[PDB]
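Peer 1:
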Amino acid sequence: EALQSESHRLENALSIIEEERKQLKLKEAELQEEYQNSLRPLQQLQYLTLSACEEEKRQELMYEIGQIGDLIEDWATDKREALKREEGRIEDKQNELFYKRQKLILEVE
Amino acid sequence: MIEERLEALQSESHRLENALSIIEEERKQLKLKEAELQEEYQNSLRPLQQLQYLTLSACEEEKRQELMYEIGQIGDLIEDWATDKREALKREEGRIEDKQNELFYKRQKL
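If you're matching them up, the sequences are chains B and A in order. Numbering of the first sequence is given in the deposited numbering, commencing with residue 7 and proceeding in unit increments. Numbering of the second sequence is given in the deposited numbering, commencing with residue 1 and proceeding in unit increments.
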């Protein structure tokens, strides 16, 4: 009486994987929106500096702005990498369970 | 039964002495990341402060308030990034203190 558990347990751990996959695709969108929002005041400062500030001093300003660009760039890519790690862990768990199902068929034999 | 008596005393020495070396090096780890944070926090604000200074001299008075607002919006972001990092380090500190207390109150033989 293996399929009773193994087939029913596997169909549920599988669907659990498919929900975490969706949940991850959503955290991807959230990072991008967060990445956008985090850059809005920086971009604001780019535009506003054009109108208000000495042109011969504005390049020193843009350099600072770029410096802040990098910090944000490092923060978002770091996050992006975390979510890529998660994307592997889920995929790993999926294949595992795939390989569990193919051998369970053999057990039901 | 003094041979099992001796064997237990040795694994307890090994156990105690090992957990104590772990914690000492984690504490040293934690303190390093702590100063790493207070360094990262200041370096993350250096360009922000640079702009504050530079905008005073180079930008029209009537518009610099708008700039300073945007600067503040960015400071808030760094603020959240650091404090959250700060709270991660505070979590590690309790973890170690936990492991320490687990080792002290089972003994308590002074």
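Every residue, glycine too, gets a C-beta built ideally from N, C-alpha and C.
Check whether chain C comes within 8 Å of A:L56, counting only Cβ atoms and requiring the distance to be less than that.
Peer 2: Within the model displayed, chain C is absent; protein chains B and A are what it includes.
Peer 1: 8 Å is my cut-off, CB to CB: does B:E70 come that close to chain A?
Peer 2: Within the first sequence, numbered from 1, the residue matching residue 70 of chain B stands at position 64. At least one chain A Cβ lies under 8 Å of B:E70.
Peer 1: Anyone know if the C-beta pair for B:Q52 and B:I71 falls short of 8 Å?
Peer 2: Along the first sequence, one-based indexing puts residue 52 of chain B at 46. Along the first sequence, one-based indexing puts residue 71 of chain B at 65. When the beta-carbon positions are compared, B:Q52 and B:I71 come within less than 8 Å of each other.
Peer 1: Spell out whether any CB of chain A is found under 8 Å from the CB atom of B:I74.
Peer 2: Your numbering for residue 74 of chain B matches position 68 in the first sequence. Yes - at least one Cβ of chain A is within 8 Å of the one on B:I74.
Peer 1: Between the alpha carbons of A:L9 and A:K109, how many angstroms are there, rounded?
Peer 2: Numbered from 1 along the second sequence, position 9 holds the residue referred to as residue 9 of chain A. Numbered from 1 along the second sequence, position 109 holds the residue referred to as residue 109 of chain A. Whole-angstrom Cα-Cα distance: 15 Å.
Peer 1: State buried or exposed for A:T55, treating a residue as buried only when at least 16 other CB atoms are found within 10 Å of its CB.
Peer 2: As a working note, residue 55 of chain A is residue 55 in the second sequence. Classification for A:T55: buried.
Peer 1: From A:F104 to A:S13, what distance separates their C-alpha atoms?
Peer 2: If you number the second sequence from 1, residue 104 of chain A lands on position 104. If you number the second sequence from 1, residue 13 of chain A lands on position 13. Rounded to whole angstroms, A:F104 to A:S13 spans 14 Å at the Cα level.
Peer 1: Are the stretch 15-35 of chain B and the stretch 91-103 of chain B in contact at 8 Å, needing three or more beta carbon pairs?
Peer 2: yes
Peer 1: Since B:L48 meets chain A, which of its residues come closer than 7 Å, beta carbon to beta carbon?
Peer 2: Taking the first sequence and counting its residues from 1, the one referred to as residue 48 of chain B is at position 42. For B:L48, the chain A residues whose C-beta falls within less than 7 Å of its own C-beta are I74, listed in chain order.
Peer 1: Considering just the uninterrupted stretch of the alpha helix (DSSP H) at A:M68, what are its terminal residues?
Peer 2: Reading the second sequence from its first residue, position 68 is the one you call residue 68 of chain A. A:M68 -> alpha helix (DSSP H) spans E61 to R107.
Peer 1: Report yes if the CB atom of A:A88 is closer than 8 Å to the CB atom of B:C59, and no otherwise.
Peer 2: Looking up residue 88 of chain A in the second sequence gives position 88. Looking up residue 59 of chain B in the first sequence gives position 53. Against a cut-off of 8 Å, the Cβ pair of B:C59 and A:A88 comes out as no contact.
Peer 1: Measuring only the C-alpha atoms, how far is residue 157 of chain A from A:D80?
Peer 2: Missing from the structure shown is residue 157 of chain A; chain A here goes from 1 to 110 and no further.
Peer 1: What does B:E79 reach in chain A if we use C-beta pairs closer than 7 Å?
Peer 2: Here residue 79 of chain B refers to the residue found at position 73 of the first sequence. Ordered by position in chain A, no residue passes the 7 Å Cβ test against B:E79, which lies about 13 Å from the chain.
Peer 1: Against chain B, which members of the stretch 20-35 of chain A pass a CB distance test of less than 9 Å?
Peer 2: none
Peer 1: Tell me whether B:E115 sits in a helix, a strand or coil according to DSSP, three-state version.
Peer 2: On the first sequence, position 109 is the one that residue 115 of chain B refers to. In the structure shown, B:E115 sits in coil (DSSP, three-state: anything other than H, G, I, E or B).
Peer 1: Give the single residue among A:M1, A:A19 and A:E4 whose Cα lies nearest to the Cα of A:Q100.
Peer 2: Here residue 100 of chain A refers to the residue found at position 100 when the second sequence is read from its first residue. Ranking A:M1, A:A19 and A:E4 by Cα distance to A:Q100 puts A:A19 first.
Peer 1: Taking C-beta pairs closer than 9 Å, name the residues in chain B that A:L37 reaches, listed in chain order.
Peer 2: Working through the second sequence from its first residue, we reach residue 37 of chain A at position 37. None at all; the shortest Cβ gap to chain B is about 14 Å.
Peer 1: Thinking C-beta only, is B:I74 closer than 8 Å to A:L16?
Peer 2: The sequence position of residue 16 of chain A within the second sequence is 16, counting from 1. The sequence position of residue 74 of chain B within the first sequence is 68, counting from 1. Not in contact: A:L16 and B:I74 (Cβ atoms no closer than 8 Å).
Peer 1: Secondary structure at A:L110, three-state DSSP: helix, strand or coil?
Peer 2: Within the second sequence, residue 110 of chain A is the residue found at index 110, counting from 1. Three-state result, A:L110: coil.
Peer 1: For B:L112, count the other beta carbons within 10 Å of its own beta carbon; 16 or more makes it buried, fewer makes it exposed. Which is it?
Peer 2: Working through the first sequence from its first residue, we reach residue 112 of chain B at position 106. Looking at its Cβ environment, which holds fewer than 16 other Cβ atoms inside 10 Å, B:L112 is exposed.
Peer 1: Nearest-angstrom Cα distance between B:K33 and B:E102?
Peer 2: Counted from its first residue, the first sequence places residue 33 of chain B at position 27. Counted from its first residue, the first sequence places residue 102 of chain B at position 96. If you take the alpha carbons of B:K33 and B:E102, they lie about 24 Å apart.
Peer 1: Can a CB atom of chain B be found closer than 8 Å to the CB of A:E60?
Peer 2: Here the question's residue 60 of chain A lines up with position 60 in the second sequence. Yes, A:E60 lies at the interface with chain B (some Cβ there is under 8 Å from its Cβ).
Peer 1: Which of helix, strand or coil does DSSP assign to B:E7?
Peer 2: As a first step, residue 7 of chain B is located in the first sequence; it is residue number 1 there, counting from the start. Residue state, collapsed to three classes: coil.
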